[PDB]
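A lone chain, given as structure tokens: the form deposited in one PDB entry.
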């Protein structure tokens, strides 16, 4: 006993067992199904035209027959569209990036099928750098919009967790390669499934994504000193990392190339930094730090609007300080 959803591009259908499973208090397979049909209809206008006809809310997420009528109606619409693409009509353009709305849905879908037990992500040692927290989809979307990236860039999420930041960025930009490194076994284990599900679902919807690799590791290791030095865009949610880990990271960012950028939850250098005789070795001497705009309606436990910072390796700061020493 199941429910099947055909791929708009011919991949293997999506199969859901019945009763439909629940993911958490706010997500169940039944609504994922309804939402997937809704989004494929966004990708294919003709499909949307065939779906309107006769689907007057007459569906109960709790009735097998009712949900089966929804899936079959969608699947028959998919067959007609596929016939339509055999005639003169042009097929849905392939290998294109997903829209922001579709991406939100695809990542939620991948998460649903990968993080089977969300609770285990909380089995970390409190008050340690191991503290787990997820950056909202929207913040990453904002970062992507403000930090124009190109195929010349390399993106790294230090302490990537189950890897959803790397997947969103890989689906939205054309970096040469995206990387995510996570130390804890639990999030790293889920990242493996996250990776499989993402590739599977992106193929299912017929969407393209840049190259990316989710790996297990310690970003403070020797291998990572040079890896970090060659990254042009680094994302790091260091809110709970601590002064010791942040200090090490600074040593490593100090080797990055001109124009390199870092986005984080806690700034690595004060926003009011002013070079002088006492802080010549301070990280703030080689980087501009700006606070990204707070996303409207987005607060954290601190009651204030969630804050992220953008650092840009700019050694022109230090060079101007020395010139000022020479004149006068």
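For clarity, a rigid core is taken as the largest C-alpha set superposing within 1.5 Å between two forms. Only residues modelled in both forms are compared. Residue numbers count along the first chain shown, from 1.
The discussion below concerns the form deposited in another entry, not included here.
Among the candidates 224, 201, 137, 132, the CA atom that moves 2 angstroms or more between this form and the one not shown after core superposition belongs to 132 alone. In this overlay on the rigid core, residue 96 has a C-alpha that sits less than 2 Å away from its partner position between this form and the one not shown.
The rigid-core alignment places the CA of residue 122 2 Å or more apart between this form and the one not shown. In the other form, the Cα-Cα separation between residue 313 and residue 131 grows by 3 Å or more relative to the displayed conformation. In the other form, the separation between the C-alpha atoms of residue 123 and residue 107 shrinks by 3 Å or more relative to the displayed form. The rigid-core fit between this form and the one not shown yields exactly one 3+ residue run with every Cα displaced by 2 Å or more: 122 to 135.
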